[PDB]
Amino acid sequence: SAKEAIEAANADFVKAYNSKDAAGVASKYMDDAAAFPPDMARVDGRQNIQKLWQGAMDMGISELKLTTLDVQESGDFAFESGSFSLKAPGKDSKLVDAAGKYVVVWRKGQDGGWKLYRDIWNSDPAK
């Protein structure tokens, strides 16, 4: 299913992020993708997206987890919404849990593989 395909791509994404492989993460995006991080300007293109994720790693963001909630397929696009969790150091240096939510526009390449095309997220309160 396209939902299963996106879940597979997300498994690879998480593995690369948690292995501290910023190039690996960026490779899951289209070369002309864009990311929309909270409190930062829009980030365009795979190389700048690598720098974004490297920055996350450098700030101690770790143990990323993604849960796909729903996917709608539409031709060469698929629309995914989901939740995330992660850990990041507190002022105390102690790792604090954080969660949030996202929407991704995925695009299907000529080689048949789904890749991230627009990636936007923000934070949720603890529950």
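Don't overthink the numbering: it's just position in the shown sequence, from 1.
J.: Name the higher of the two by mean Cα B-factor in the PDB entry, 40 to 48 versus 93 to 101.
T.: Mean B over CA atoms: larger for 93 to 101.
J.: 55 to 63 versus 84 to 92: which one carries the higher mean Cα B factor per the record?
T.: Per the deposited B-factors, the answer is 84 to 92.
J.: If you rank the chain by CA B-factor, which third does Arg118 end up in: lowest, middle or highest?
T.: For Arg118, whose C-alpha B-factor we compare with every modelled residue in the chain, the answer is the lowest third.
J.: Comparing against every modelled residue in the chain, figure out the third that the C-alpha B-factor of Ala23 lands in (lowest, middle or highest).
T.: It falls in the top third of the chain.
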